[PDB]
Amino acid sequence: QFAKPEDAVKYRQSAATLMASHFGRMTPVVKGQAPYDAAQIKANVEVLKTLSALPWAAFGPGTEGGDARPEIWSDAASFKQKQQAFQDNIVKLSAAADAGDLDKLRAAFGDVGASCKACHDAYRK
């Protein structure tokens, strides 16, 4: 859906920006510094769910640029593993949110964050 590689870059960056906001805004809740409203969190994680699936299609062939390391393309299977592991941890966060359990939510949140960071450490400049 991208006319030029730069359009794919702008898309994936914008998707990541929204991901960071919908993930990060729960930090005060998982830490207890903000109240836990199970319905609020369930709704937010559904938004994060949808957003979390979007960046990967914007790393197609020929879309090298931005802060994406070239290894994303030459090591496609390893990058796909990182993305699917991340999306699997998103499924677990959704389950914790849907269950309404703050303990489970704080564990699942941590697992998601570690997945974000493991991918950045390997594949983000």
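In this text, residue numbers run from 1 along the sequence as written.
- Higher mean CA temperature factor, per the PDB entry, when comparing 68 to 76 with 88 to 96: 68 to 76.
- Of the two segments, 97 to 105 and 5 to 13, the one listed with the higher mean B-factor is 97 to 105 (C-alpha atoms only).
- When the C-alpha B factors of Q81, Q33, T50, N44 are read from the deposited coordinates, the top value falls at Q81.
- When the modelled residues of the chain are ordered by C-alpha B-factor, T27 sits in the middle third.
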